[PDB]
Amino acid sequence: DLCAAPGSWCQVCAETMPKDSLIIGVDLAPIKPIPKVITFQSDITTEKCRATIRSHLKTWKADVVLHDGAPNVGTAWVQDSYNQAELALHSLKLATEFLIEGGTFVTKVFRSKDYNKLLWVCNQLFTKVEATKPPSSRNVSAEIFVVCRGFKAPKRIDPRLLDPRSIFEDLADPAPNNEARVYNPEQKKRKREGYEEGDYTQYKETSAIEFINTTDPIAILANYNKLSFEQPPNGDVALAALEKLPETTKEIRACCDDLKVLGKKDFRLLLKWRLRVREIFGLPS
Amino acid sequence: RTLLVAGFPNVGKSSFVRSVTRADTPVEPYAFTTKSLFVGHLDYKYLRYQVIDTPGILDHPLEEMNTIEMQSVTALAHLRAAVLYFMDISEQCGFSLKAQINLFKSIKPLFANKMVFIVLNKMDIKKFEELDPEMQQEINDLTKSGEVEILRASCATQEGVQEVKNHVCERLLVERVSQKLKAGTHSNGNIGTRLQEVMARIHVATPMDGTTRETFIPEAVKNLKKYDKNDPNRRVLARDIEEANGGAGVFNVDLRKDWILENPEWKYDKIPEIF
Amino acid sequence: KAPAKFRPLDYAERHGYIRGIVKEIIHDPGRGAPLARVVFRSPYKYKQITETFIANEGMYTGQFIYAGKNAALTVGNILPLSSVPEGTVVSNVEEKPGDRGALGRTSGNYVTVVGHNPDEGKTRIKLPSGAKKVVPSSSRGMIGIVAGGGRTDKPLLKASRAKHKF
Amino acid sequence: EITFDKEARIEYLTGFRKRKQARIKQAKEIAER
Amino acid sequence: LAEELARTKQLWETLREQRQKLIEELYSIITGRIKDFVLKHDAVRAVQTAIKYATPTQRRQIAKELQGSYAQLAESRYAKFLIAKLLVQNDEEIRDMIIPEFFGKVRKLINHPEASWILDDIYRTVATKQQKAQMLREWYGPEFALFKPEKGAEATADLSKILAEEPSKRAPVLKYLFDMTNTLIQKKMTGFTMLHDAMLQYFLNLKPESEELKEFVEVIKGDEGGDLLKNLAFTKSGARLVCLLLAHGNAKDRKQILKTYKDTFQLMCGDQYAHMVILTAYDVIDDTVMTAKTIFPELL
Amino acid sequence: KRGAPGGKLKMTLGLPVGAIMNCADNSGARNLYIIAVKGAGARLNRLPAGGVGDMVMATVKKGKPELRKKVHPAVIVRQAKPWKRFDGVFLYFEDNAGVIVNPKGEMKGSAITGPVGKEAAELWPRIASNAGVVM
Amino acid sequence: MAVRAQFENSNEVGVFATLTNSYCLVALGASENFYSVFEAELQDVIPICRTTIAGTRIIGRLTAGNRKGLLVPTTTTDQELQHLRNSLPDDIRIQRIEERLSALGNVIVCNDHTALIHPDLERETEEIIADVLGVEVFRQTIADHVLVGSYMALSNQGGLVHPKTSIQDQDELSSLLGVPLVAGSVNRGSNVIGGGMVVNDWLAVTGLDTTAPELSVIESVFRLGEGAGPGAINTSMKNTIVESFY
RNA sequence: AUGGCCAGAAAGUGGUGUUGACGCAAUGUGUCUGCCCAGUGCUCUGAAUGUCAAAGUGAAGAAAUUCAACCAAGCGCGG
Ligand SMILES: Nc1nc2c(ncn2[C@@H]2O[C@H](COP(=O)(O)OP(=O)(O)OP(=O)(O)O)[C@@H](O)[C@H]2O)c(=O)[nH]1
């Protein structure tokens with residue numbers, strides 16, 4: 001029992017295990033002694049607590065690992081949800097150190113956006129998983145109880161699999177709706193997620209030929225600021241040809257200078273001019 | 001980085017601390033003027049050092065050392081520093097030269113591995129040469145045991161105070177830097193991280209061609225006179241004009257005073273903006 | 001059970017001698033050296049000290065052992081390295097006076113002094129691994145062979161030292 | 001002998017509607033069967 | 001790996017007009033995976049033969065291929081056959097590329113049982129006064145190992161002159177020098193010539209008749225005695241070092257020195273240096289009764 | 001010393017408690033969640049609100065796992081609600097963004113993405129040092 | 001010589017000032033302490049101008065230049081531009097540049113002979129910099145920081161860089177620059193060298209929280225306070241830096 | 001033990017450690033031994049040719065080249 005602040009779970013065990021069993025409970029706060037229960041004043045996030053729990057387990061393994069804990073709650077519920085998720089993962093890492101093949105591990109997990117990321121850990125580390133939410137838990141509460149059993153017992157476990165950084169790392173950004181940004185640029189689409197890494201200064205330019213040759217013209221229009229006609233350091237003959245064409249009028253050059261102020265008609269005109277130039281240049285279609 | 005001053009009463013421990021630091025340690029001619037630990041601070045080679053003045057230790061075993069001198073012993077045992085054992089070649093301290101030797105030998109176990117210096121104070125009264133050869137050997141053979149150095153100083157005329165201070169401070173710095181390098185260098189040969197970062201700060205990059213760059217320093221600064229606030233004939237300065245002409249929030253700055261135009265009368269002109 | 005630790009530093013042991021009685025010896029898992037359950041007498045209070053030593057080879061239960069500087073130089077007593085003379089086997093010796101024994105606790109090792117240094121008192125002690133060390137004379141040590149035996153199966157040969165050997 | 005399966009983690013986390021839709025389409029195909 | 005090892009084995013069997021036809025042939029086959037070949041003992045027995053029978057261009061290209069991990073070759077238990085054969089043929093560039101990475105890890109390499117003997121023969125055979133010096137400087141303290149020596153003319157490895165320049169380093173350097181020497185003494189590894197050089201500059205710099213001098217002479221005495229005194233007299237610096245030890249030693253020490261000196265009077269007499277220590281021992285010894293009982297009956 | 005800036009002029013506050021703003025630094029955080037505003041008054045039912053250059057207390061909702069462990073101070077850098085500067089200019093940005101800053105005023109990151117509001121740059125020299133565009 | 005001062009109560013001297021070999025720009029605010037510390041060290045050898053840039057007092061991070069030129073962002077007003085021109089002699093060229101990265105002080109570090117710029121700078125801005133400032137322009141990152149103007153202090157004597165700059169990058173920068181470079185801190189461990197110090201060929205002003213070991217390094221690499229201070233004295237005596245920055 | 005190993009950016013952070021060279025760790029093994037082949041490349045070593053000295057006396061040395069299946073060694077080894 002990795003967290004028994006009052007000791008209720010230890011008391012429940014002390015009255016239903018088979019005779020001559022072993023139950024050990026650790027907690028940061030002092031616990032009033034319960035008969036047939038071993039009580040620890042040590043913490044859980046310290047490898048000293050690892051050694052002393054080795055000491056009172058002898059060479060024997062462990063069959064069931066219990067975790068029922070929650071940090072201080074009252075700060076926006078975002079800090080509260082994440083800290084509980086990390087505590088669940090650290091309890092899981094402790095269980096992998098002390099549990100026999102086929103053991104059962106049960107954890108209280110607050111339901112949040114990290115709930116699915118922790119469930120994937122027991123999936124790759126155990127054989128059967130399930131969330132229960134017994135009736136005693138308040139219906140208003142977001143708490144849930146996950147039981148993952150059938151522990152595979154590998155020879156060595158990847159530290160990245162137990163590292164909170166690698167499990168709770170946020171997934172990749174989904175592909176932006178370039179069609180919406182081009183075909184409906186007058187919509188608001190409020191941005192609240194952060195900016196990407198590496199595209200600081202929030203500015204990007206390409207050459208006009210790149211817009212001509214690309215397979216995804218919508219992607220370039222919706223993600224770039226300026227389509228440049230500046231002759232490259234070497235000197236592009238296609239830029240010379242595309243600049244001198246009569247299809248590219250003054251209106252075309254105006255739109256290419258400022259892509260972020262364009263509308264529906266302007267974007268369609270750019271796509272039409274791209275198709276006309278591609279026909280001149282002999283591109284497939 | 002600490003300098004620890006110990007010795008018999010009335011040898012000049014408090015006078016030495018007052019000389020190098022600004023700690024207000026009483027200096028009086030009686031036996032136990034300093035009844036508690038005093039701390040001073042000095043700067044040497046752009047580093048901060050502590051100087052601790054101790055009450056004083058008599059020639060007794062540790063069992064019946066009273067409360068005052070146990071403050072001396074506790075600092076001697078549990079503080080790693082350079083010990084400055086102040087001796088009295090004369091007998092003005094009220095204790096024999098013999099009793100000072102035995103006291104040093106008795107407390108040497110407390111100096112188990114520290115840097116021990118024996119400084120002979122109050123030598124404006126009677127210096128080393130005016131000693132019988134048997135005593136000179138007894139002082140000398142103390143150095144001829146372990147790593148103890150003997151220095152000579154006088155805290156009344158301030159004759160050997162600075163040289164003793166610099167000598168001890170330099171030796172403390174060398175040993176400490178040696179220890180830091182040793183800790184960074186592990187047994188496997190892998191240089192530690194903190195050592196690696198301090199390597200880059202020592203290193204000075206230099207252009208490979210060995211050519212310098214032209215420096216445009218005017219001739220005027222070469223003949224400038226350093227500004228000093230105690231000089232009656234100093235520069236006027238803008239803050240002094242500010243104080244005489246009001247305060248921080250009352251003085252109004254004339255921003256056109258330093259305008260260099262063609263016709264000086266054109267300053268303080270309302271330049272047209274819109275027509 | 002309990003770690004094998006010496007008595008705390010005190011005036012009585014460092015200047016006199018104290019009588020103590022052993023009651024039994026207990027084996028504990030994790031090591032082969034048998035612990036010795038001993039009861040001492042407090043010079044200041046009418047209370048018995050419960051401390052555990054390591055049973056050397058040859059001792060029994062029921063000695064009036066002497067703990068101090070001037071104790072009898074017999075097996076079962078402890079003595080500062082200053083008092084014990086040259087060539088004597090010592091076990092469970094102290095690196096410094098106050099660590100309650102650090103060197104030579106496994107089942108059968110011993111340390112023999114090969115020279116005493118009077119002025120600036122230091123005692124030279126040979127380690128079981130064949131190393132040479134110098135320790136303060138004020139340290140204590142258990143006299144005799146620590147129990148456990150089994151010293152006929154120790155292979156002492158090195159690839160490099162053999163090339164070093166003449 | 002298990003390691004960090006990066007691609008599997010993305011598949012597990014991103015696909016929840018697709019696995020649900022697969023189950024409903026299978027139950028329907030059972031039912032019509 | 002199976003076919004690679006198999007085919008090179010046949011080339012190794014042929015080699016252990018036809019000769020150089022193989023060394024290009026084996027090189028092209030072994031081009032790229034040298035680190036694995038120096039790991040395999042059979043391929044280890046292939047390479048030093050190859051370098052011995054290597055054409056002028058081959059030993060350079062393999063050296064650049066071996067550029068990265070010269071130190072790791074020293075720690076490898078099987079690369080001794082190849083690394084010894086790489087050092088014994090004299091060439092000015094190959095001794096200029098072998099030492100720079102050996103530099104700055106002297107303490108670790110000597111502590112390593114197998115590289116310690118490899119670290120000696122490079123020092124004894126081909127090392128020139130510059131790289132010989134700073135390996136000794138690395139022995140004096142960790143400051144010298146990590147830091148490239150300053151613009152001062154004292155770039156040598158003599159304690160007397162470097163400590164004269166900077167007296168404040170007397171205490172730490174001696175402690176480091178004593179600890180490293182004492183650890184190897186307790187390791188019983190005392191057949192290192194560069195160890196004897198460190199011992200000499202240590203004893204020379206001690207003030208006479210000091211307590212630490214008594215500690216050094218006694219700890220030198222304390223051993224089984226059948227090894228350390230014999231090779232230390234065999235070497236150059238130790239032979240003079242032990243001459244001073246007799247001069248500064250006490251009679252009880254001198255009794256122990258000659259008592260350890262036993263049953264090898266034939267061999268050390270034939271050695272060039274160890275008949276200088278008996279040379280000094282003859283005219284500094286006082287106890288003639290033991291002189292006539294030990295050194296003469298085993299001599300005449 | 002509470003991190004309430006001094007010398008700040010009155011502007012329209014447009015980020016009340018319980019608002020999400022982007023993160024403009026390279027510290028690993030993407031968005032911040034305002035839960036407290038430094039220097040807020042005490043009036044009934046009024047939600048504390050911040051502005052450009054105002055220290056707030058925020059929690060990282062999405063970003064690097066380390067930054068999600070503790071509540072951080074932050075200085076608002078850009079604001080979508082139009083406000084007026086003393087030169088008579090009503091101006092606004094296209095998003096709400098801030099930077100994680102220690103209680104003294106030192107930025108945790110080393111670079112800022114996007115422009116920095118003039119009020120925030122003038123108030124905090126460290127943000128002014130790590131800014132590329134000031135407008 | 002190296003001196004310590006604070007603008008109002010902050011040690012970021014580089015934010016509120018700009019020091020060259022021909023002119024000094026000081027922010028305008030409240031008292032006259034910041035102006036007086038600079039004119040106590042520059043007694044009318046070179047002009048000192050009390051200026052504001054774009055209605056701000058952070059002129060240090062908004063302006064860049066050497067003795068031959070000065071550059072200001074596009075948000076600078078005409079009156080603010082006139083104040084600079086009337087204050088400075090005709091041998092210095094002042095140009096207002098229309099660049100997206102308006103914090104010129106953070107994106108340009110320039111001595112008299114060379115300049116380092118933000119990699120994402122415009123090509124037209126690069127051409128103007130080489131013209132007005134009369135230097136050779138290079139695009140570089142200081143310890144993977146694109147704000148070269150804030151993480152490096154430069155003069156014709158030497159240069160400070162970000163404290164965590166690796167050994168190899170110092171060698172490339174020094175050969176590219178032509179002056180010796182050391183990795184150092186300012187204002188008791190701050191990494192923003194440009195924002196926490198200004199320096200020319202004969203004077204540096206840092207914050208009041210700069211430690212004595214740091215001030216010694218600044219003098220040694222910038223050749224100030226007479227003495228010797230070549231930068232080889234930094235390798236000569238090394239116990240303080242190892243003791244203080246370990 | 002001012003120690004080794006492991007974690008930790010570091011730590012005056014810890015664990016091992018309630019530990020003291022049998023203890024604590026880390027690398028390799030789970031091909032060993034016996035025999036046979038007109039088996040194998042070499043090192044040491046050995047041979048030959050042509051030279052110039054040789055403490056106011058002792059050793060006879062070195063230079064340059066061609067070389068060596070078996071004819072008392074060794075490093076390796078391969079089937
Ligand atoms: N002549 C001479 N007298 C000294 C010198 N240094 C200290 N004294 C004398 O020492 C007396 C005071 O003793 P302290 O200097 O304070 O020595 P202490 O170790 O602190 O012992 P206390 O006397 O108890 O304070 C003064 O009256 C001085 O006369 C010195 O350098 N020369």
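All chains are named by letter (A, B, ...) in the order of the sequence lines, taking the proteins before the strands, and each is independently numbered beginning at 1.
For H:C22, the base has a donor-acceptor partner in the side chain of C:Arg151 [N/O atoms by modelled type, under 3.5 angstrom]. For H:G20, its base sits under 3.5 Å from the side chain of C:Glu95 at one donor and acceptor pair at least.
The bases of H:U51 and H:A62 line up as a Watson-Crick or G-U pair, and both contact lengths stay under 3.5 Å. Taken together, H:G74 and H:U18 do not constitute a Watson-Crick or G-U wobble pair, since the relevant N/O distances do not both lie under 3.5 Å. H:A47 and H:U65 are not base-paired: they meet neither the Watson-Crick nor the G-U wobble geometry with both distances under 3.5 Å. No canonical Watson-Crick or G-U wobble pair links H:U43 to H:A11 with each of its two hydrogen-bond distances shorter than 3.5 Å. No Watson-Crick or G-U wobble pair joins H:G76 and H:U16 with the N1-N3 or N1-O2 distance and the second distance both under 3.5 Å. Residues H:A68 and H:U45 show canonical Watson-Crick or G-U wobble pairing, with both defining distances under 3.5 Å.
Neighbouring residues H:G15 and H:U16 meet the stacking criterion, with the centres of their six-membered base rings under 5.5 Å apart and the ring planes within 30° of each other. Neighbouring bases H:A59 and H:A60 form no stack, their six-membered rings failing the under 5.5 angstrom centre or under 30 degree plane limit. In this strand, H:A7 stacks on its neighbour H:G8, with six-membered ring centres under 5.5 Å apart and planes inclined by less than 30°. Remark: bases of strand neighbours H:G50 and H:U51 are stacked by the 5.5 Å centre distance and 30° plane angle definition. Base stacking is present between H:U29 and H:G30; both the centre distance of their six-membered rings (under 5.5 Å) and the plane angle (under 30°) fall inside the limits.
C:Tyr110 has its OH atom 12 Å from the P atom of H:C22, to the nearest Å. Look at CG on E:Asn111: it is 20 Å from P on H:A26, rounded to the nearest Å. Protein atom CG of C:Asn92 is 10 Å distant from nucleotide atom P of H:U19, rounded to whole Å. For the pair C:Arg31 CZ and H:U16 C1', the computed distance is 18 Å after rounding to whole Å. Rounded to whole Å, the distance from NZ on C:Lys133 to P on H:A21 is 13 Å.
Taking a 6.0 Å sphere around NZ of F:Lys69, one finds it holds more than 12 heavy atoms contributed by other residues, nucleotides or ligands.
South is the pucker class for the sugar of H:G17, given a negative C1'-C2'-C3'-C4' value. Its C1'-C2'-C3'-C4' torsion being negative, the sugar of H:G56 is assigned to the south family. Judged by the sign of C1'-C2'-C3'-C4', the sugar at H:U16 is north, the angle being positive. From the dihedral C1'-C2'-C3'-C4', which is negative here, one reads the pucker of H:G12 as south, toward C2'-endo. Nucleotide H:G14 carries a north-puckered sugar, as indicated by a positive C1'-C2'-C3'-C4' torsion.
For H:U2, one of the phosphate oxygens OP1 or OP2 lies less than 4.0 angstrom from a side-chain nitrogen or oxygen of C:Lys96. Of the side-chain N and O atoms in A:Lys48, none sit less than 4.0 angstrom from OP1 or OP2 of H:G14. Between C:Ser107 and H:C22 there is no side-chain N or O to OP1 or OP2 distance below 4.0 Å. For E:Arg77, no side-chain nitrogen or oxygen approaches OP1 or OP2 of H:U27 to under 4.0 Å.
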Should E:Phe178 and E:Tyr202 be marked as a ring-ring contact (aromatic ring centres under 6.0 Å, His included) after you check the CA-CA gap, both sets of side-chain angles, and the distance that decides it? CA-CA 8 Å; E:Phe178 186 69; E:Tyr202 175 108; 5.6 Å; yes

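E:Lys9 comes within 4.0 angstrom of the backbone, heavy atoms only, and of no base. Within 4.0 Å of B:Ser187, counting heavy atoms only, lie sugar-phosphate atoms of the nucleic acid but no base atom. Within the nucleic acid shown, C:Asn109 comes within 4.0 Å of at least one base atom, counting heavy atoms only. Among the heavy atoms of the strands, none lies under 4.0 Å from C:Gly150. Contacts of A:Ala51 with the nucleic acid, taken as non-hydrogen atoms under 4.0 Å apart, involve only primed sugar atoms and P, OP1 or OP2.
Across all strands shown, H:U31 remains unpaired; no Watson-Crick or G-U wobble contact has both distances below 3.5 Å. Across the strands present, H:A55 finds no partner; the criterion is a Watson-Crick or G-U wobble pair with both atom distances under 3.5 angstrom.
By the 30° and 60° cut-offs, the orientation of the rings of E:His41 relative to E:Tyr78 is tilted.
Aromatic pair E:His112/E:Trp117: centroids not less than 6.0 angstrom apart.
Counting only distance, with no hydrogens or angles, the side chain of G:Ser244 and the backbone of G:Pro213 share no donor-acceptor pair below 3.5 Å.
A syn orientation is assigned to H:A63, its glycosidic angle lying within 90° of 0.
Comparing H:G76, H:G20, H:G28 by their closest approach to the side chain of E:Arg16 singles out H:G76.
Between H:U65 and H:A72, the two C1' atoms lie 31 Å apart (nearest whole Å). The same atom, P, is picked in H:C24 and in H:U16; the two are 14 Å apart, to the nearest Å. Taking the P atoms as reference points, H:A62 lies 12 Å from H:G46, given to the whole Å. H:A60 and H:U51 are spaced 16 Å apart, taking the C1' atom of each and rounding to whole Å. Straight-line distance between the P atoms of H:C35 and H:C22: roughly 37 Å, to the nearest whole Å.
Remark: the E:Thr14 side chain and the E:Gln10 side chain contain no N/O donor-acceptor pair separated by less than 3.5 Å.
With salt bridges taken as basic N to acidic carboxylate O contacts below 4.0 Å, none links E:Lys188 and E:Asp223. In summary, A:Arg165 and A:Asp163 engage in a salt bridge, as defined by a charged side-chain N under 4.0 Å from a carboxylate O.
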